[PDB]
$ cat structure28.pdb   # PDB, C-alpha atoms and all ligand atoms
ATOM      1  CA  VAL A  70      41.996 -28.770  95.056
ATOM      2  CA  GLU A  71      43.258 -28.104  91.565
ATOM      3  CA  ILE A  72      43.410 -25.839  88.580
ATOM      4  CA  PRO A  73      40.038 -24.659  87.283
ATOM      5  CA  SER A  74      39.571 -24.621  83.538
ATOM      6  CA  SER A  75      39.168 -20.848  83.938
ATOM      7  CA  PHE A  76      40.444 -18.225  86.445
ATOM      8  CA  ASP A  77      40.508 -14.434  86.688
ATOM      9  CA  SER A  78      42.406 -12.498  89.360
ATOM     10  CA  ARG A  79      39.877  -9.607  89.227
ATOM     11  CA  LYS A  80      37.189 -12.127  90.225
ATOM     12  CA  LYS A  81      39.030 -13.485  93.301
ATOM     13  CA  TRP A  82      40.248 -10.192  94.740
ATOM     14  CA  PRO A  83      37.890  -7.543  93.476
ATOM     15  CA  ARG A  84      38.684  -5.359  96.537
ATOM     16  CA  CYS A  85      42.162  -4.980  95.013
ATOM     17  CA  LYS A  86      41.497  -2.148  92.590
ATOM     18  CA  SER A  87      44.940  -2.318  90.969
ATOM     19  CA  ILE A  88      44.156  -5.734  89.428
ATOM     20  CA  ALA A  89      41.459  -4.231  87.151
ATOM     21  CA  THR A  90      43.654  -1.186  86.304
ATOM     22  CA  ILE A  91      45.056  -0.657  82.793
ATOM     23  CA  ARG A  92      48.070   1.704  82.573
ATOM     24  CA  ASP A  93      49.745   3.651  79.764
ATOM     25  CA  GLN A  94      53.522   3.585  79.406
ATOM     26  CA  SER A  95      53.426   6.531  76.939
ATOM     27  CA  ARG A  96      56.097   7.346  74.319
ATOM     28  CA  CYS A  97      58.630   5.300  76.276
ATOM     29  CA  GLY A  98      59.737   1.635  76.202
ATOM     30  CA  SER A  99      58.994   1.129  79.894
ATOM     31  CA  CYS A 100      56.809  -2.016  79.529
ATOM     32  CA  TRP A 101      59.323  -3.957  81.542
ATOM     33  CA  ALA A 102      58.848  -1.561  84.427
ATOM     34  CA  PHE A 103      55.047  -1.387  84.253
ATOM     35  CA  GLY A 104      54.317  -5.117  84.298
ATOM     36  CA  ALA A 105      56.655  -5.116  87.263
ATOM     37  CA  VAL A 106      55.029  -2.335  89.313
ATOM     38  CA  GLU A 107      51.526  -3.520  88.248
ATOM     39  CA  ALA A 108      52.033  -7.134  89.450
ATOM     40  CA  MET A 109      53.678  -5.802  92.624
ATOM     41  CA  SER A 110      50.820  -3.445  93.394
ATOM     42  CA  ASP A 111      48.382  -6.297  92.830
ATOM     43  CA  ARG A 112      50.451  -8.646  94.973
ATOM     44  CA  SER A 113      50.968  -6.200  97.866
ATOM     45  CA  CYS A 114      47.187  -5.758  97.996
ATOM     46  CA  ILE A 115      46.517  -9.501  97.743
ATOM     47  CA  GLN A 116      49.215 -10.777 100.055
ATOM     48  CA  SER A 117      48.602  -8.418 102.983
ATOM     49  CA  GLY A 118      44.891  -9.303 102.981
ATOM     50  CA  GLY A 119      43.989  -5.844 101.628
ATOM     51  CA  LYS A 120      46.071  -3.706 103.987
ATOM     52  CA  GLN A 121      48.538  -2.700 101.244
ATOM     53  CA  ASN A 122      46.234  -0.598  99.057
ATOM     54  CA  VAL A 123      48.943   1.191  97.005
ATOM     55  CA  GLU A 124      49.902   2.089  93.397
ATOM     56  CA  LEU A 125      53.660   1.707  92.890
ATOM     57  CA  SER A 126      55.632   4.143  90.722
ATOM     58  CA  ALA A 127      56.652   3.025  87.291
ATOM     59  CA  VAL A 128      59.084   6.000  87.111
ATOM     60  CA  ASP A 129      60.782   5.214  90.445
ATOM     61  CA  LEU A 130      61.772   1.784  89.029
ATOM     62  CA  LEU A 131      62.240   2.920  85.394
ATOM     63  CA  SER A 132      64.729   5.674  86.317
ATOM     64  CA  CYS A 133      66.332   4.550  89.592
ATOM     65  CA  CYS A 134      67.082   0.898  88.960
ATOM     66  CA  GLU A 135      70.716   0.942  87.726
ATOM     67  CA  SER A 136      70.951  -2.758  86.801
ATOM     68  CA  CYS A 137      67.630  -3.044  84.943
ATOM     69  CA  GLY A 138      68.709  -2.176  81.421
ATOM     70  CA  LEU A 139      68.151   0.910  79.362
ATOM     71  CA  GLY A 140      65.143   2.732  80.796
ATOM     72  CA  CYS A 141      62.844   3.981  78.065
ATOM     73  CA  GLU A 142      65.047   1.916  75.758
ATOM     74  CA  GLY A 143      64.259  -1.486  77.319
ATOM     75  CA  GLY A 144      64.669  -3.398  80.554
ATOM     76  CA  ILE A 145      65.423  -6.716  82.276
ATOM     77  CA  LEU A 146      62.583  -8.428  84.180
ATOM     78  CA  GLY A 147      64.513 -10.350  86.828
ATOM     79  CA  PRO A 148      66.536  -7.416  88.225
ATOM     80  CA  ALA A 149      63.387  -5.261  88.288
ATOM     81  CA  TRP A 150      61.892  -7.566  90.833
ATOM     82  CA  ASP A 151      65.228  -7.847  92.661
ATOM     83  CA  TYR A 152      65.181  -4.057  92.900
ATOM     84  CA  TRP A 153      61.769  -4.335  94.511
ATOM     85  CA  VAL A 154      63.246  -6.639  97.183
ATOM     86  CA  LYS A 155      66.582  -5.012  98.083
ATOM     87  CA  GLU A 156      65.795  -1.388  97.324
ATOM     88  CA  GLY A 157      61.985  -1.192  97.111
ATOM     89  CA  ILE A 158      59.677   1.076  95.094
ATOM     90  CA  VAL A 159      57.807   4.216  96.179
ATOM     91  CA  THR A 160      54.205   5.084  95.321
ATOM     92  CA  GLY A 161      53.306   6.978  92.147
ATOM     93  CA  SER A 162      50.205   7.131  89.971
ATOM     94  CA  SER A 163      49.945   8.349  86.357
ATOM     95  CA  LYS A 164      50.543  11.878  84.974
ATOM     96  CA  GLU A 165      46.856  12.896  84.804
ATOM     97  CA  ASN A 166      46.203  11.451  88.251
ATOM     98  CA  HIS A 167      49.106  13.367  89.868
ATOM     99  CA  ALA A 168      49.163  11.123  93.013
ATOM    100  CA  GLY A 169      51.776   9.503  95.247
ATOM    101  CA  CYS A 170      55.489  10.126  95.766
ATOM    102  CA  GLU A 171      56.794   9.947  92.195
ATOM    103  CA  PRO A 172      53.932   9.886  89.624
ATOM    104  CA  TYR A 173      54.506   9.026  85.937
ATOM    105  CA  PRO A 174      55.794  12.065  83.910
ATOM    106  CA  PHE A 175      54.471  11.061  80.447
ATOM    107  CA  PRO A 176      50.879  11.604  79.149
ATOM    108  CA  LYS A 177      48.550   8.925  77.721
ATOM    109  CA  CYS A 178      48.607   8.190  73.936
ATOM    110  CA  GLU A 179      47.305   5.828  71.205
ATOM    111  CA  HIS A 180      49.408   2.781  70.366
ATOM    112  CA  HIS A 181      48.575   1.490  66.881
ATOM    113  CA  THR A 182      44.848   2.428  66.903
ATOM    114  CA  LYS A 183      42.574   5.485  66.815
ATOM    115  CA  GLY A 184      41.198   6.743  70.135
ATOM    116  CA  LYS A 185      40.424   9.545  72.580
ATOM    117  CA  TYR A 186      44.058  10.236  73.443
ATOM    118  CA  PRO A 187      46.520  11.835  71.033
ATOM    119  CA  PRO A 188      48.419   9.211  68.912
ATOM    120  CA  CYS A 189      51.774   8.023  70.337
ATOM    121  CA  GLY A 190      53.630   8.239  67.009
ATOM    122  CA  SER A 191      57.122   6.715  67.067
ATOM    123  CA  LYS A 192      59.339   9.143  69.010
ATOM    124  CA  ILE A 193      60.728   7.830  72.293
ATOM    125  CA  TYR A 194      61.440  10.080  75.291
ATOM    126  CA  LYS A 195      64.769  10.199  77.159
ATOM    127  CA  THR A 196      64.641   8.021  80.295
ATOM    128  CA  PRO A 197      63.804  10.402  83.163
ATOM    129  CA  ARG A 198      66.532  11.202  85.720
ATOM    130  CA  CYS A 199      66.394   9.285  89.035
ATOM    131  CA  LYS A 200      64.678  11.761  91.390
ATOM    132  CA  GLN A 201      65.011  10.412  95.000
ATOM    133  CA  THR A 202      62.673  13.205  96.140
ATOM    134  CA  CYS A 203      58.849  12.992  96.085
ATOM    135  CA  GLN A 204      56.681  15.607  94.332
ATOM    136  CA  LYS A 205      56.444  18.839  96.312
ATOM    137  CA  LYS A 206      53.035  18.067  97.853
ATOM    138  CA  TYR A 207      53.429  14.450  99.015
ATOM    139  CA  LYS A 208      55.040  14.801 102.411
ATOM    140  CA  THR A 209      56.122  11.210 103.179
ATOM    141  CA  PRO A 210      59.941  11.022 102.720
ATOM    142  CA  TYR A 211      61.226   9.265  99.595
ATOM    143  CA  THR A 212      63.227   6.734 101.651
ATOM    144  CA  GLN A 213      60.224   6.042 103.861
ATOM    145  CA  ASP A 214      57.788   5.522 100.941
ATOM    146  CA  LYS A 215      59.809   2.554  99.699
ATOM    147  CA  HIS A 216      57.682  -0.597  99.611
ATOM    148  CA  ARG A 217      59.776  -3.765  99.427
ATOM    149  CA  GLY A 218      59.069  -7.418  98.779
ATOM    150  CA  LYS A 219      60.580 -10.387 100.594
ATOM    151  CA  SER A 220      61.492 -12.422  97.452
ATOM    152  CA  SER A 221      61.861 -12.497  93.676
ATOM    153  CA  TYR A 222      61.880 -15.498  91.361
ATOM    154  CA  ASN A 223      61.461 -16.904  87.926
ATOM    155  CA  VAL A 224      58.483 -19.193  87.561
ATOM    156  CA  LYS A 225      59.108 -22.475  85.722
ATOM    157  CA  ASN A 226      58.267 -22.703  82.005
ATOM    158  CA  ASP A 227      55.267 -24.797  82.953
ATOM    159  CA  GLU A 228      51.644 -24.092  82.147
ATOM    160  CA  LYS A 229      50.308 -25.694  85.328
ATOM    161  CA  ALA A 230      52.998 -24.026  87.473
ATOM    162  CA  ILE A 231      52.230 -20.562  86.095
ATOM    163  CA  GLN A 232      48.524 -21.257  86.824
ATOM    164  CA  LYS A 233      49.034 -22.220  90.482
ATOM    165  CA  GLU A 234      51.395 -19.283  90.889
ATOM    166  CA  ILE A 235      48.684 -16.820  89.726
ATOM    167  CA  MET A 236      45.867 -18.368  91.745
ATOM    168  CA  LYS A 237      47.673 -18.545  95.051
ATOM    169  CA  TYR A 238      49.740 -15.335  94.955
ATOM    170  CA  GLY A 239      48.400 -13.049  92.173
ATOM    171  CA  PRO A 240      49.308 -11.751  88.677
ATOM    172  CA  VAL A 241      52.808 -12.337  87.391
ATOM    173  CA  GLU A 242      54.918 -10.405  84.917
ATOM    174  CA  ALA A 243      55.896 -12.117  81.662
ATOM    175  CA  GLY A 244      57.818 -11.352  78.493
ATOM    176  CA  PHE A 245      57.016 -12.536  75.004
ATOM    177  CA  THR A 246      58.367 -12.007  71.518
ATOM    178  CA  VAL A 247      56.633  -9.346  69.417
ATOM    179  CA  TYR A 248      56.279 -10.145  65.757
ATOM    180  CA  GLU A 249      54.876  -7.638  63.226
ATOM    181  CA  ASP A 250      51.413  -9.260  63.193
ATOM    182  CA  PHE A 251      50.898  -8.418  66.904
ATOM    183  CA  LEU A 252      50.759  -4.713  65.917
ATOM    184  CA  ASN A 253      47.499  -5.564  64.104
ATOM    185  CA  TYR A 254      45.746  -7.312  67.016
ATOM    186  CA  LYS A 255      42.226  -5.976  67.717
ATOM    187  CA  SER A 256      40.652  -8.860  69.656
ATOM    188  CA  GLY A 257      40.590 -12.641  70.055
ATOM    189  CA  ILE A 258      43.106 -15.251  71.096
ATOM    190  CA  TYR A 259      46.396 -14.083  69.634
ATOM    191  CA  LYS A 260      48.872 -16.414  67.901
ATOM    192  CA  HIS A 261      51.857 -15.428  65.789
ATOM    193  CA  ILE A 262      51.251 -16.426  62.169
ATOM    194  CA  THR A 263      52.970 -13.734  60.089
ATOM    195  CA  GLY A 264      55.625 -10.990  60.381
ATOM    196  CA  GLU A 265      59.265 -10.413  61.374
ATOM    197  CA  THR A 266      60.511 -10.011  64.980
ATOM    198  CA  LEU A 267      60.477  -6.494  66.419
ATOM    199  CA  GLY A 268      61.609  -7.170  70.004
ATOM    200  CA  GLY A 269      60.170  -8.229  73.349
ATOM    201  CA  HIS A 270      57.241  -6.959  75.396
ATOM    202  CA  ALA A 271      56.592  -7.361  79.110
ATOM    203  CA  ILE A 272      53.034  -7.666  80.347
ATOM    204  CA  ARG A 273      51.065  -8.872  83.313
ATOM    205  CA  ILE A 274      49.157 -12.178  83.220
ATOM    206  CA  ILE A 275      46.003 -11.990  85.387
ATOM    207  CA  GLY A 276      44.260 -15.256  84.615
ATOM    208  CA  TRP A 277      43.289 -17.702  81.901
ATOM    209  CA  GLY A 278      40.228 -19.153  80.252
ATOM    210  CA  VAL A 279      38.964 -21.231  77.340
ATOM    211  CA  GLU A 280      36.824 -19.948  74.451
ATOM    212  CA  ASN A 281      35.040 -22.873  72.791
ATOM    213  CA  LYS A 282      37.745 -25.540  73.257
ATOM    214  CA  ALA A 283      40.558 -22.921  72.707
ATOM    215  CA  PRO A 284      42.841 -22.306  75.755
ATOM    216  CA  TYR A 285      44.204 -18.810  76.511
ATOM    217  CA  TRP A 286      46.052 -16.508  78.926
ATOM    218  CA  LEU A 287      44.278 -13.337  79.983
ATOM    219  CA  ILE A 288      46.864 -10.559  79.828
ATOM    220  CA  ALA A 289      46.881  -6.881  80.839
ATOM    221  CA  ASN A 290      48.718  -4.665  78.338
ATOM    222  CA  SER A 291      49.913  -1.184  79.248
ATOM    223  CA  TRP A 292      48.839   0.811  76.202
ATOM    224  CA  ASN A 293      45.795   2.243  78.007
ATOM    225  CA  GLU A 294      42.142   1.137  77.925
ATOM    226  CA  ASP A 295      41.697   1.876  74.169
ATOM    227  CA  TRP A 296      43.992  -0.771  72.766
ATOM    228  CA  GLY A 297      42.753  -4.371  72.247
ATOM    229  CA  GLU A 298      39.934  -5.813  74.351
ATOM    230  CA  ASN A 299      39.567  -2.755  76.619
ATOM    231  CA  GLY A 300      43.301  -2.838  77.442
ATOM    232  CA  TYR A 301      43.550  -6.623  77.831
ATOM    233  CA  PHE A 302      44.504  -9.201  75.303
ATOM    234  CA  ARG A 303      44.414 -12.984  75.074
ATOM    235  CA  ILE A 304      47.084 -15.315  73.733
ATOM    236  CA  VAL A 305      47.403 -19.073  73.135
ATOM    237  CA  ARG A 306      48.214 -20.817  76.420
ATOM    238  CA  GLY A 307      49.878 -24.243  76.537
ATOM    239  CA  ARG A 308      52.386 -24.087  73.663
ATOM    240  CA  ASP A 309      54.891 -21.415  74.798
ATOM    241  CA  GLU A 310      53.292 -19.111  72.203
ATOM    242  CA  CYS A 311      55.887 -16.399  71.526
ATOM    243  CA  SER A 312      57.794 -17.718  74.600
ATOM    244  CA  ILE A 313      54.953 -16.331  76.846
ATOM    245  CA  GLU A 314      55.562 -19.201  79.297
ATOM    246  CA  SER A 315      59.381 -18.767  79.377
ATOM    247  CA  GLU A 316      59.927 -15.311  80.918
ATOM    248  CA  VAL A 317      57.581 -15.498  83.868
ATOM    249  CA  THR A 318      58.854 -13.471  86.833
ATOM    250  CA  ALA A 319      57.291 -12.641  90.189
ATOM    251  CA  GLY A 320      57.855 -12.332  93.943
ATOM    252  CA  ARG A 321      56.133 -12.027  97.321
ATOM    253  CA  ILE A 322      55.776  -9.439 100.118
ATOM    254  CA  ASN A 323      56.061 -12.206 102.748
TER     255      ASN A 323
HETATM  256  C1  LIG B   1      58.651  -2.468  75.865
HETATM  257  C2  LIG B   1      57.917  -3.200  74.747
HETATM  258  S1  LIG B   1      56.743  -2.254  74.010
HETATM  259  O1  LIG B   1      55.755  -1.861  74.972
HETATM  260  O2  LIG B   1      56.063  -3.034  73.008
HETATM  261  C3  LIG B   1      57.393  -1.004  73.253
HETATM  262  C4  LIG B   1      57.278   0.294  73.750
HETATM  263  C5  LIG B   1      57.863   1.364  73.041
HETATM  264  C6  LIG B   1      58.561   1.145  71.838
HETATM  265  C7  LIG B   1      58.667  -0.155  71.335
HETATM  266  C8  LIG B   1      58.078  -1.212  72.050
HETATM  267  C9  LIG B   1      60.184  -2.394  75.795
HETATM  268  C10 LIG B   1      60.632  -1.836  74.448
HETATM  269  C11 LIG B   1      62.146  -1.744  74.317
HETATM  270  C12 LIG B   1      62.434  -0.852  73.137
HETATM  271  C13 LIG B   1      62.608   0.524  73.341
HETATM  272  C14 LIG B   1      62.854   1.344  72.246
HETATM  273  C15 LIG B   1      62.940   0.788  70.970
HETATM  274  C16 LIG B   1      62.764  -0.586  70.770
HETATM  275  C17 LIG B   1      62.507  -1.413  71.862
HETATM  276  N1  LIG B   1      60.727  -3.745  75.859
HETATM  277  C18 LIG B   1      61.433  -4.161  76.902
HETATM  278  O3  LIG B   1      61.668  -3.455  77.856
HETATM  279  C19 LIG B   1      61.973  -5.563  76.868
HETATM  280  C20 LIG B   1      61.352  -6.414  77.986
HETATM  281  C21 LIG B   1      61.556  -7.888  77.706
HETATM  282  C22 LIG B   1      62.724  -8.526  78.123
HETATM  283  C23 LIG B   1      62.918  -9.884  77.877
HETATM  284  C24 LIG B   1      61.934 -10.611  77.206
HETATM  285  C25 LIG B   1      60.765  -9.975  76.778
HETATM  286  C26 LIG B   1      60.570  -8.615  77.031
HETATM  287  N2  LIG B   1      63.417  -5.540  77.113
HETATM  288  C27 LIG B   1      64.279  -5.030  76.229
HETATM  289  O4  LIG B   1      63.868  -4.562  75.164
HETATM  290  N3  LIG B   1      65.592  -5.035  76.524
HETATM  291  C28 LIG B   1      66.567  -4.472  75.582
HETATM  292  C29 LIG B   1      67.535  -3.591  76.366
HETATM  293  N4  LIG B   1      68.179  -4.447  77.359
HETATM  294  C30 LIG B   1      69.410  -4.000  78.001
HETATM  295  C31 LIG B   1      67.619  -5.743  77.704
HETATM  296  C32 LIG B   1      66.109  -5.589  77.779
END
$ encode --input "structure28.pdb" --output "structure tokens" --more "lines below"
Ligand SMILES: *[C@H](CS(=O)(=O)c1ccccc1)[C@H](CCc1ccccc1)NC(=O)[C@H](Cc1ccccc1)NC(=O)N1CCN(C)CC1
Amino acid sequence: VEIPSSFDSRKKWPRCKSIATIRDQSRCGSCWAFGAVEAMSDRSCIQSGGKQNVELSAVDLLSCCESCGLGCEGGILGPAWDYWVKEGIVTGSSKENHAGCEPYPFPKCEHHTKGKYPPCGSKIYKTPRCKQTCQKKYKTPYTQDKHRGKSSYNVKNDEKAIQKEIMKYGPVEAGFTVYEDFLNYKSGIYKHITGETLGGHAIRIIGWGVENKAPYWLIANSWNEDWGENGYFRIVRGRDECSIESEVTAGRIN
């Protein structure tokens, strides 16, 4: 009937391989776009009963959405999802996977931690141009590869509402405020104690649990599988921690 004390989208739809996928946005501020295309890829898979097994292109949205902000310099969550509805997004994997219509052009790197990939550093790339043509060897026309949703919406700033929204329809995108101490997160349930504000980050909430009495959101970051708890992090649920319950945005394919 109700909300379980714990839930994990990977556990309900494990056929949907995108749910368990951790991406890397590279030396680019495209978080806004990733949490969008990630939740959408999850939700297309979930909502069509499995028939929509696709990986949507972060670069299609990052570069072609004209009302979504500043590209590699930062974006708006609501319009991103609106772009998905009116205009749609083509397929595109990552750089080192080379798949789909418009795959990501930037290589994987380490975000505030030592790993396998070369360190990201602090340079930011210019927002790619809007292509409108697929990569040479993917033959489906750009305009035909567009996958659209039927609706976009903000979810209410409401713990229980966010929970039902995830369970019934899939992961949601959400923004939160980054304070300096987040850049030192390694594991555990994150809460802002110390540090100045640096900006906002958009991520994908996949579930929630409770670790000995302590409630949390399970969140997929997009700084590759090396950062945090194998890509994922956890943050205090229930108290609008860093406004994590304020900027929740999603939509549906039908
Ligand atoms: C992503 C956050 S990030 O992954 O932590 C990141 C990546 C790279 C560098 C720094 C941080 C982007 C970062 C934006 C940015 C780029 C370059 C220098 C500094 C910052 N953040 C966003 O895209 C956020 C998304 C967001 C919106 C609302 C609430 C919470 C998160 N949006 C954003 O920064 N802007 C500013 C530009 N604009 C027109 C509105 C959206």
$ residues_near_ligand --input "structure28.pdb" --ligand "ligand LIG 1 (chain B)" --cutoff "8 Å" --atoms "only C-alpha atoms and all ligand atoms" --output "ChimeraX atom specification"
/A:94-102,137-146,191,193,243-247,267-271,291-292,316
$ closest_atom_pairs --input "structure28.pdb" --of "range 77-173 of chain A" --to "range 231-235 of chain A" --cutoff "12 Å" --atoms "only C-alpha atoms" --output "JSON lines"
{"residue": "A:77", "atom": "CA", "partner": "A:235", "partner_atom": "CA", "distance": 9.0}
{"residue": "A:78", "atom": "CA", "partner": "A:235", "partner_atom": "CA", "distance": 7.6}
{"residue": "A:79", "atom": "CA", "partner": "A:235", "partner_atom": "CA", "distance": 11.4}
{"residue": "A:81", "atom": "CA", "partner": "A:235", "partner_atom": "CA", "distance": 10.8}
{"residue": "A:82", "atom": "CA", "partner": "A:235", "partner_atom": "CA", "distance": 11.8}
{"residue": "A:88", "atom": "CA", "partner": "A:235", "partner_atom": "CA", "distance": 12.0}
{"residue": "A:108", "atom": "CA", "partner": "A:235", "partner_atom": "CA", "distance": 10.3}
{"residue": "A:111", "atom": "CA", "partner": "A:235", "partner_atom": "CA", "distance": 11.0}
{"residue": "A:112", "atom": "CA", "partner": "A:235", "partner_atom": "CA", "distance": 9.9}
{"residue": "A:115", "atom": "CA", "partner": "A:235", "partner_atom": "CA", "distance": 11.1}
{"residue": "A:116", "atom": "CA", "partner": "A:235", "partner_atom": "CA", "distance": 12.0}
$ atom_distance --input "structure28.pdb" --atom1 "CA of residue 84 in chain A" --atom2 "CA of residue 127 in chain A"
21.9 Å
$ residues_around --input "structure28.pdb" --residues "residue 189 in chain A" --least-positions-apart "2" --cutoff "6 Å" --atoms "all atoms listed in the file" --output "number ranges by chain"
A: 96, 178-180
$ residues_around --input "structure28.pdb" --residues "range 183-187 of chain A" --least-positions-apart "5" --cutoff "10 Å" --atoms "only C-alpha atoms" --output "PyMOL selection string"
chain A and resi 176-178+293-296
$ closest_residue --input "structure28.pdb" --among "A:86, A:164, A:237, A:219" --to "residue 121 in chain A" --atoms "only C-alpha atoms"
A:86
$ atom_distance --input "structure28.pdb" --atom1 "CA of residue 299 in chain A" --atom2 "CA of residue 129 in chain A"
26.5 Å
$ closest_residue --input "structure28.pdb" --among "A:157, A:118, A:147, A:172" --to "residue 104 in chain A" --atoms "only C-alpha atoms"
A:147
$ atom_distance --input "structure28.pdb" --atom1 "CA of residue 305 in chain A" --atom2 "CA of residue 285 in chain A"
4.7 Å
$ residues_near_point --input "structure28.pdb" --point "(65.3, -17.5, 78.9)" --cutoff "10 Å" --atoms "all atoms listed in the file" --output "list in words"
residues 223, 226, 244, 312, 314, 315, 316 and 317 of chain A
$ residues_around --input "structure28.pdb" --residues "range 253-261 of chain A" --least-positions-apart "2" --cutoff "10 Å" --atoms "only C-alpha atoms" --output "ChimeraX atom specification"
/A:181-182,246-251,263-265,279-280,283-287,296-299,301-306,310-311
$ residues_around --input "structure28.pdb" --residues "residue 161 in chain A" --least-positions-apart "2" --cutoff "12 Å" --atoms "only C-alpha atoms" --output "PyMOL selection string"
chain A and resi 103+106-107+110+123-131+158-159+163-174+202-204+207+211+214-216
$ resolve_selection --input "structure28.pdb" --expression "the PyMOL selection byres (((chain A and resi 218) around 6) and not hetatm)" --output "PyMOL selection string"
chain A and resi 153-154+217+219-220+321-322
$ residues_around --input "structure28.pdb" --residues "residue 319 in chain A" --least-positions-apart "5" --cutoff "7 Å" --atoms "all atoms listed in the file" --output "ChimeraX atom specification"
/A:150,221-223,241-242
$ decode --input "structure28.pdb" --residues "range 258-273 of chain A" --atoms "N, CA, C and O atoms" --output "PDB file, in the first residue's frame"
ATOM      1  N   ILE A 258      26.365   9.163   4.991  1.00  0.00           N
ATOM      2  CA  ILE A 258      25.211  10.008   4.730  1.00  0.00           C
ATOM      3  C   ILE A 258      25.654  11.444   4.842  1.00  0.00           C
ATOM      4  O   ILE A 258      25.936  11.915   5.921  1.00  0.00           O
ATOM      5  N   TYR A 259      25.728  12.128   3.710  1.00  0.00           N
ATOM      6  CA  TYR A 259      26.178  13.511   3.675  1.00  0.00           C
ATOM      7  C   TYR A 259      25.213  14.514   4.332  1.00  0.00           C
ATOM      8  O   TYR A 259      23.988  14.456   4.128  1.00  0.00           O
ATOM      9  N   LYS A 260      25.783  15.433   5.110  1.00  0.00           N
ATOM     10  CA  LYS A 260      25.086  16.649   5.553  1.00  0.00           C
ATOM     11  C   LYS A 260      26.058  17.814   5.587  1.00  0.00           C
ATOM     12  O   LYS A 260      27.198  17.664   6.028  1.00  0.00           O
ATOM     13  N   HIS A 261      25.603  18.974   5.123  1.00  0.00           N
ATOM     14  CA  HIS A 261      26.438  20.162   5.131  1.00  0.00           C
ATOM     15  C   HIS A 261      26.660  20.670   6.549  1.00  0.00           C
ATOM     16  O   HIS A 261      25.714  21.081   7.221  1.00  0.00           O
ATOM     17  N   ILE A 262      27.915  20.627   6.987  1.00  0.00           N
ATOM     18  CA  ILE A 262      28.317  21.198   8.273  1.00  0.00           C
ATOM     19  C   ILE A 262      29.136  22.475   8.055  1.00  0.00           C
ATOM     20  O   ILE A 262      28.837  23.517   8.639  1.00  0.00           O
ATOM     21  N   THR A 263      30.152  22.380   7.199  1.00  0.00           N
ATOM     22  CA  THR A 263      31.159  23.424   7.050  1.00  0.00           C
ATOM     23  C   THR A 263      31.340  23.844   5.591  1.00  0.00           C
ATOM     24  O   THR A 263      30.936  23.123   4.681  1.00  0.00           O
ATOM     25  N   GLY A 264      31.918  25.021   5.369  1.00  0.00           N
ATOM     26  CA  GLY A 264      32.214  25.504   4.013  1.00  0.00           C
ATOM     27  C   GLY A 264      31.283  26.554   3.421  1.00  0.00           C
ATOM     28  O   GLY A 264      30.107  26.612   3.767  1.00  0.00           O
ATOM     29  N   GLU A 265      31.824  27.381   2.525  1.00  0.00           N
ATOM     30  CA  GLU A 265      31.036  28.345   1.750  1.00  0.00           C
ATOM     31  C   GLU A 265      30.236  27.659   0.615  1.00  0.00           C
ATOM     32  O   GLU A 265      30.428  26.473   0.324  1.00  0.00           O
ATOM     33  N   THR A 266      29.341  28.418  -0.017  1.00  0.00           N
ATOM     34  CA  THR A 266      28.590  27.938  -1.177  1.00  0.00           C
ATOM     35  C   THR A 266      29.460  28.074  -2.424  1.00  0.00           C
ATOM     36  O   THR A 266      30.187  29.062  -2.586  1.00  0.00           O
ATOM     37  N   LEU A 267      29.355  27.081  -3.301  1.00  0.00           N
ATOM     38  CA  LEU A 267      30.094  27.047  -4.551  1.00  0.00           C
ATOM     39  C   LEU A 267      29.177  27.090  -5.771  1.00  0.00           C
ATOM     40  O   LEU A 267      29.571  27.583  -6.835  1.00  0.00           O
ATOM     41  N   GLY A 268      27.953  26.582  -5.608  1.00  0.00           N
ATOM     42  CA  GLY A 268      26.937  26.626  -6.660  1.00  0.00           C
ATOM     43  C   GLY A 268      25.914  25.527  -6.471  1.00  0.00           C
ATOM     44  O   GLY A 268      25.673  25.091  -5.350  1.00  0.00           O
ATOM     45  N   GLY A 269      25.302  25.072  -7.559  1.00  0.00           N
ATOM     46  CA  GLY A 269      24.319  24.005  -7.471  1.00  0.00           C
ATOM     47  C   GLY A 269      24.727  22.813  -8.295  1.00  0.00           C
ATOM     48  O   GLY A 269      25.480  22.949  -9.250  1.00  0.00           O
ATOM     49  N   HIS A 270      24.231  21.642  -7.932  1.00  0.00           N
ATOM     50  CA  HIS A 270      24.573  20.404  -8.633  1.00  0.00           C
ATOM     51  C   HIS A 270      23.256  19.681  -8.905  1.00  0.00           C
ATOM     52  O   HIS A 270      22.312  19.731  -8.072  1.00  0.00           O
ATOM     53  N   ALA A 271      23.164  19.056 -10.078  1.00  0.00           N
ATOM     54  CA  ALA A 271      21.969  18.295 -10.409  1.00  0.00           C
ATOM     55  C   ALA A 271      22.331  16.825 -10.494  1.00  0.00           C
ATOM     56  O   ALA A 271      23.319  16.457 -11.101  1.00  0.00           O
ATOM     57  N   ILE A 272      21.528  15.992  -9.845  1.00  0.00           N
ATOM     58  CA  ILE A 272      21.823  14.579  -9.738  1.00  0.00           C
ATOM     59  C   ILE A 272      20.529  13.805  -9.886  1.00  0.00           C
ATOM     60  O   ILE A 272      19.448  14.380 -10.071  1.00  0.00           O
ATOM     61  N   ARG A 273      20.631  12.491  -9.803  1.00  0.00           N
ATOM     62  CA  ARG A 273      19.489  11.647 -10.031  1.00  0.00           C
ATOM     63  C   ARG A 273      19.258  10.838  -8.765  1.00  0.00           C
ATOM     64  O   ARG A 273      20.141  10.100  -8.337  1.00  0.00           O
TER      65      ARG A 273
END
